[PDB]
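Shown next, in structure tokens, is the structure this report addresses.
In what follows, residues are counted from 1 in the order of the sequence shown. Just the heavy atoms: all of them, side chains too, but no hydrogens, waters or symmetry mates, feed the values below.
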Amino acid sequence: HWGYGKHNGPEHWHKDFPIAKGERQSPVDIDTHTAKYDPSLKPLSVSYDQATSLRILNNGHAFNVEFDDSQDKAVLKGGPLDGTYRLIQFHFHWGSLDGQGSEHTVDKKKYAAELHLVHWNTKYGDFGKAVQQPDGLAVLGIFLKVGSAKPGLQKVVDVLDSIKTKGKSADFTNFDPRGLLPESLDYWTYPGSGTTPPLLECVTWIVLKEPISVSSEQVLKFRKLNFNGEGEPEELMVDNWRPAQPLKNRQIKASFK
Ligand SMILES: O[n+]1ccccc1S
Ligand SMILES: [Zn+2]
């Protein structure tokens, strides 16, 4: 099955998921000189004060911090979006080394990691329905660079020991995702896809320009997770990122000059 090794990595995925060579795949390189400022873009509205985290799960490809999305509690709206999108989960993609790990790139620059806050359009009733629609998901992407620690990330880093291997979960209540946001909500936006199989073309991407800083110790702890199940040969969970895909007939818009 798919993953991130020599044999089942991104260059293989098209054989089970032909959409991998489609017209609106993600990630992409953000060429900052080609992106057009769009003064009609609104400020993003991130309303996370009522967010209800529940659980953290190692799914064999990353870890997902899951939220209660049975009511409008943590929502994204505004920006390029019409309507209201509910937070369902966040996860990260990261590298074996600080010089790689992000999925989007900025003028070909790779960051150490990238956070994806996944939200689904409430007009479609459920996440499973929303992923079948071209405007079903909105993913807020935030880059991570290694420098100062991110205090709001430390509760995530400290639970990782308890979900080392694939299929492990742990209770993860009362986590406030506002502590993962940078100061500025200036963003780039474009239409694309999920970056793991099934690679559905249902995502409005909103990528924040300002990274967050995490410490070397914080990202080292991500790198101690395992892709394998318990009792299986250890394969460290690193380099769980898809590289940049062709932009094709798309334009990346900037909310700022
Ligand atoms: O990687 N990924 C997994 C699930 C949903 C979105 C994304 S970006
Ligand atoms: Zn992702």
Side-chain angles (χ1 to χ4, degrees), residues 26-51 53 65 67 74-87 89-95 98-119 137-157 175-192 195 203-216 218-219 222 241 244 247 250-257:
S26 288
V28 301
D29 181 54
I30 299 164
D31 189 76
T32 62
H33 291 110
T34 291
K36 200 182 143 93
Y37 168 60
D38 183 343
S40 74
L41 283 168
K42 303 201 192 72
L44 261 189
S45 170
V46 185
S47 296
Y48 292 172
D49 48 285
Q50 295 293 126
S53 63
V65 176
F67 285 81
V75 308
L76 181 72
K77 64 184 85 168
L81 311 169
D82 290 336
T84 292
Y85 292 67
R86 272 195 198 159
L87 182 65
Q89 56 107 318
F90 70 77
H91 59 273
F92 300 88
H93 304 267
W94 63 83
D98 297 348
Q100 62 196 55
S102 69
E103 289 209 308
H104 292 91
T105 51
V106 179
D107 296 331
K108 300 292 174 88
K109 177 188 174 55
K110 292 175 167 94
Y111 290 85
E114 184 173 329
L115 163 71
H116 287 162
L117 298 129
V118 182
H119 308 74
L137 289 201
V139 186
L140 179 62
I142 296 182
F143 298 117
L144 284 58
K145 62 184 202 190
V146 174
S148 292
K150 191 70 167 180
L153 182 62
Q154 190 66 29
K155 290 200 293 192
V156 174
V157 161
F175 180 71
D176 188 337
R178 292 181 296 186
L180 296 176
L181 297 179
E183 170 189 326
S184 184
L185 296 180
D186 284 352
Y187 63 85
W188 297 280
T189 177
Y190 78 95
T195 67
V203 179
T204 297
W205 279 92
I206 297 167
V207 179
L208 293 191
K209 171 188 29 104
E210 183 183 337
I212 58 166
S213 283
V214 308
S215 69
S216 63
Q218 283 181 324
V219 67
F222 282 17
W241 52 272
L247 186 64
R250 296 175 289 180
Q251 27 183 188
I252 300 178
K253 292 182 195 160
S255 77
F256 62 92
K257 320 128 267 140

Tell me, do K150 and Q218 make a side-chain contact under 4.5 Å, heavy atoms counted? yes

Say whether, by atom type as modelled, one donor and one acceptor occur between the side chain of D98 and the main chain of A112 under 3.5 angstrom. no

Taking every heavy atom of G192 against every heavy atom of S26, the minimum-distance pair comes out as CA-OG, 3.4 Å

Apply side chain to side chain contact (heavy atoms under 4.5 Å, CB included) to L117 and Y85, showing your working. CA-CA 11 Å; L117 298 129; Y85 292 67; over 6 Å; no

Value rounded to 0.5 Å, distance of CZ in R178 from OH in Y48: 11.0 Å

With a sphere of 6.0 Å drawn around CG of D38, does it hold more than 12 non-hydrogen atoms of other residues, nucleotides or ligands? yes

When you measure from the side chain of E114 to the backbone of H104, do you find a donor-acceptor pair of N or O atoms at a distance under 3.5 Å? yes

Check: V203 and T195 side chains under 4.5 Å, non-hydrogen atoms: no

Is there a donor-acceptor pair under 3.5 Å between the side chain of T189 and the backbone N or O of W205? yes

Check the surroundings of atom NZ in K253: do more than 12 heavy atoms from other residues, nucleotides or ligands lie under 6.0 Å from it? no

Just verifying a value: how many Å separate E210 CD and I142 CD1, rounded to the nearest 0.5 Å? 9.5 Å

First locate atom CG of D186, then atom NZ of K209, and finally report the distance between them rounded to the nearest 0.5 Å. 4.0 Å

Between CZ on residue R86 and CG on residue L76, distance to nearest 0.5 Å: 13.0 Å

Indicate the ring-plane relationship of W188 and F256, choosing parallel, tilted or perpendicular according to the 30° and 60° boundaries. perpendicular

As a quick check of understanding, evaluate side chain to side chain contact (heavy atoms under 4.5 Å, CB included) for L208 and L140, giving each step before the final call. CA-CA 7 Å; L208 293 191; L140 179 62; 3.8 Å; yes

For residues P177 and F67, report the shortest heavy-atom separation together with the two atoms involved. CD-CE2, 4.0 Å

Here the gap from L144 atom CG to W94 atom CH2, rounded to the nearest 0.5 Å, amounts to 11.0 Å

Determine whether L81 and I206 satisfy the following criterion, side chain to side chain contact (heavy atoms under 4.5 Å, CB included), listing intermediate values before the conclusion. CA-CA 10 Å; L81 311 169; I206 297 167; 3.9 Å; yes

Minimal heavy-atom distance between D29 and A244, with the atoms involved, is N-CB, 3.8 Å

Residues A254 and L41: closest non-hydrogen pair is O-CD1, 3.6 Å

Could you tell me whether the side chain of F92 reaches within less than 4.5 Å of the side chain of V214, counting heavy atoms only? no

In terms of heavy-atom contacts, does NZ of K77 have more than 12 from other residues, nucleotides or ligands at under 6.0 Å? no

Approximate separation, where rounding is to 0.5 Å, of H33 NE2 and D31 CG: 7.5 Å

Are there more than 12 heavy atoms of other residues, nucleotides or ligands under 6.0 Å from atom NZ of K145? no

Looking only at heavy atoms, the pair that brings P80 and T204 closest together is CG-CG2, 3.9 Å

Look only at the side chain of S255 and the backbone of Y187, and say whether a donor-acceptor pair between them is shorter than 3.5 Å. yes

When every non-hydrogen atom of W241 is compared with those of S102, the smallest separation belongs to CE3-O, 3.7 Å

Please lay out, stage by stage, how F90 and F175 fare under the test ring pair (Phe, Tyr, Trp, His ring centres under 6.0 Å). CA-CA 11 Å; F90 70 77; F175 180 71; 5.7 Å; yes

Is it true that a side-chain atom of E103 and a backbone atom of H93 form a donor plus acceptor pair closer than 3.5 Å? no

Measure from the side-chain N and O atoms of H91 to the backbone N and O of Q89, and report whether any donor-acceptor pair falls under 3.5 Å. no

